[PDB]
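We begin with a single chain expressed as structure tokens, specifically the form deposited in one PDB entry.
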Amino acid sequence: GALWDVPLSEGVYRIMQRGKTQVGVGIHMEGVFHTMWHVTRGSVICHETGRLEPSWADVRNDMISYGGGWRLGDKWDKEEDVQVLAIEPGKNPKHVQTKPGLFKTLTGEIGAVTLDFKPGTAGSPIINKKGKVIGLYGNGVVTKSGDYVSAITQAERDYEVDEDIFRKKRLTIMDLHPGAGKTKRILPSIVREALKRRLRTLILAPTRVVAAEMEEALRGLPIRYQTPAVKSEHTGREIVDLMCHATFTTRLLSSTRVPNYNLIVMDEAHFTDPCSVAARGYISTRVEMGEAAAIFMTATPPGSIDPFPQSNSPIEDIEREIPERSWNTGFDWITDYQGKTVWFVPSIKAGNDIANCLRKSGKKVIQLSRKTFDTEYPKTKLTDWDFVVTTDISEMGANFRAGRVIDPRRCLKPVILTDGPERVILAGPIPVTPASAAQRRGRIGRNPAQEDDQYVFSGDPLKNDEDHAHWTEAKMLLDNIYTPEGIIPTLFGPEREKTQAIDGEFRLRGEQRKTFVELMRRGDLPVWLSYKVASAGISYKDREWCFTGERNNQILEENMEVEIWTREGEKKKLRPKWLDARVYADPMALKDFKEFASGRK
């Protein structure tokens, strides 16, 4: 069959519709609502106890689940009488016993009953002698006599993985598109047999929320979440370690007890974050060492170019003009549409402008950024909204129940300039990558219910991220990760030609490497800036370099020359020796960096 995609009682029920009409019948067994597909077609099941959403759907057999798979295995045996628990509209339930005839299909045969009940009895349970549901009444056919005969429709019931994906010195890239049951079917199976092979398994999620979803999907299995507040943690028991990409890279930078995971699975392995790229480099090195097997799961593997990949649910690709800033008129199609929309913005600032503009017209808007993601994403489901205005961070496993995505296909790109004084600027808004466009578009076309999801976009993608700072920064991280003799940890193959930086040119001394790590993970500074400060021999507490810079390194906030009161109590102009645009890109980053410059961080 097929799975579904979305972020207590007892007995059979009348499926009622507003417009109190009865449209069908269902059975709550084992903690799952059983019903027929033509009755609801994936519509939400609203009730006092809450809401039920699709999970298993076999359209070819006209069956659908609510709240899990189907625990309905009892089937007719071609020689036994059954009852139909007919629940008709506006009438008490009836028990009609009839020894079933046969529906000899083309391929091949299934039991059927010659009972004709009122419209709305679809989903009425067919009952066993033991008192078990043996099928569903509601889907049948009329004969030449004009008589109605319904069939006893019944379900039958994961994913069987190849054995060589566990084979050492092997890196497998799984191309999985939204709606593949990746998190809920594939990964749990992979882990399940990984344990049968007694493998030391490491699972990497891009963000905390994705890892949380994994925990949801991996319940019942021995999984331990690893936090970046711990360098290493070894238990004698068999177990699978679940952590974030950044946590893994951090532990590689600061620990000595990093265990030899012989099976490493990375989800959303397209994440262009420096820590993620470095992680892919290290993992690839371990595989090359013949010490581990690796699995990279992503909808956009290396070489991906198609911005319009086929989805499991239909997507309407619409090309039209999209506002770059706040607007007053000429864009009614944005606000008149009230499904839920996910709008990708090139930056936090543009996001603020758009979000405010939408809110001023009565639209509930949730904003998402890199630093607010793990806090603000969870309220995109526990609350209801109209627009999610997000940056590129939503291109990593972020799942929304939306119908439309607005994607002007623009973004910012950190670049390391070498026009004399080495600097980092934010170039943009520039066109996104084809992969990014595909991932932004991938937020929809996931729900088999809605057949009219809309991807509204503008402009074309561009494969011009060679000068992206993240490749260099990843090399900075990876250079400070110890490896055996002869084995040198370089970037992941398909991502290494992107950078022109050579190997090992960023390896730091013992204590300076520690300063580097602390500047990143405690100072919350970019990799480039942290490397620049740490390589200069500067300690973590020394903040004098924040004011030593040349004139043009003067930081501005709201067209003001930013001024900071130091911890000693001295008033200095914020003028860093090394200039990274990302520390004054948005208000919050500038606030944090100003807290750093004051020595209060």
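Start at 1 and count along the sequence shown; that's the residue number. Take the two forms, find the largest set of C-alpha atoms that superpose within 1.5 Å, and that set is the rigid core.
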Query raised in the report: Between residues given as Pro7 and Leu8, how many of the deposited sequence are not built: none, 1 to 3, 4 to 9, or 10 or more?
Result: 4 to 9
Report summary line: Per the entry, how many deposited residues between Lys379 and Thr380 lack coordinates? The answer is none
Report summary line: Averaging the C-alpha temperature factors as deposited, the higher value of 190-198 versus 527-535 falls on 190-198
**Report entry** Entry-level comparison of average CA B-factors, 252-260 and 74-82, reporting the higher stretch
**Finding:** 74-82
Report task. Report the option among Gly504, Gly290, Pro461, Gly303 whose CA atom has the maximum B-factor in the deposited record. Result -> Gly504
Query raised in the report: Per the PDB entry, which option out of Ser145, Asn399, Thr285, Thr121 has the greatest Cα B factor?
Result: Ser145
Query raised in the report: Lowest, middle or highest third of the chain for the C-alpha temperature factor of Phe117?
Result: middle
Query - Cα B factor band for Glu215 (lowest, middle or highest third within the chain) - result: middle
Requested in this report: Consider only the C-alpha atoms of the modelled residues in this chain, order them by B-factor as the entry records it, and name the third containing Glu30: lowest, middle or highest.
Outcome: highest
Requested in this report: Would you mind checking where the Cα B-factor of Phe103 ranks among the modelled residues of its chain, as the lowest, middle or highest third?
Outcome: highest
**Report entry** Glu497, C-alpha B-factor rank within chain (lowest, middle or highest third)
**Finding:** highest
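There is another form of this protein, the form deposited in another entry, and it is not shown here; the text below is about that form.
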**Report entry** Mobile residue between this form and the one not shown, C-alpha criterion 2 Å or more, rigid core, from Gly101, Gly403, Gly459, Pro421
**Finding:** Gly101
Query raised in the report: By the 2 angstroms cut-off, has the C-alpha of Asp164 moved between this form and the one not shown once the rigid core is superposed?
Result: yes
Query raised in the report: Would you say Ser43 moves its Cα by 2 Å or more between this form and the one not shown, aligning on the core?
Result: yes
Query raised in the report: Aligning on the rigid core, do we see the C-alpha of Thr201 shift 2 angstroms or more between this form and the one not shown?
Result: no
Query raised in the report: Do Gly486 and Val258 move together or apart in the other entry, judged by C-alpha distance changing 3 Å or more?
Result: closer
Query raised in the report: Closer or farther: how do the Cα atoms of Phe248 and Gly486 compare in the other entry relative to this form, given a change of at least 3 Å?
Result: closer
